[PDB]
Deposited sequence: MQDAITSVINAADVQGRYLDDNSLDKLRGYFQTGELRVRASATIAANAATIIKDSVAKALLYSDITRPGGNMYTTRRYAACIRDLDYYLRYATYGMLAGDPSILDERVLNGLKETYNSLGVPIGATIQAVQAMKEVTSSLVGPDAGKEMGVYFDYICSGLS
């Protein structure tokens, strides 16, 4: 588990070098986006429920996926699905605040074969997380909304 800062550090540790002007520059940049990240994390933390709502009704509800023969049709599979989206959003907020997507590859991704082996479709999941991207975006802004965009998309590329 690293982030922008610790990523720069480790980039300056395996080579056995003190932090050079480049490290100081990248660290500078993250320090410049920090307040943004903090605020966005606060806002998402405050509205996680409503966001998962707008995502589910956005891409999922009132289709086959939710009807008999559907993957989120029963109430137990519905709770499992919204639970997955809650996880995805919370780790998207994590990675966002951090500045690097490794936490996703480490604690949520290492899942595609599982979904395949249990029938969980990936398409409606990609569309769902993307819906979370648009909802979160429109509710936080374009900058913070694109910064979540990169991580949401990252998860999409991980599942697909």
property	result
Segments lacking C-alpha coordinates (deposited sequence numbering, starting at 1)	111
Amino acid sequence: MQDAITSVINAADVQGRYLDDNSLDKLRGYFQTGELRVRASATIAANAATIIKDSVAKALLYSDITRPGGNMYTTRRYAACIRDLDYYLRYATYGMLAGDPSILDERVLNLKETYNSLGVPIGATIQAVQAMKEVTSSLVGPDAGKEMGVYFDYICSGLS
From here on, numbers count along this sequence of modelled residues.
item	value
Residue stretch of maximal mean CA temperature factor, 6-14 vs 21-29	21-29
Residue stretch of maximal mean CA temperature factor, 35-43 vs 118-126	118-126
Out of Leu61, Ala48, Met96, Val108, highest CA B-factor residue	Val108
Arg67 - Cα temperature factor, lowest/middle/highest third of chain	lowest
Within-chain third of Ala79 by Cα B-factor, per the entry	highest
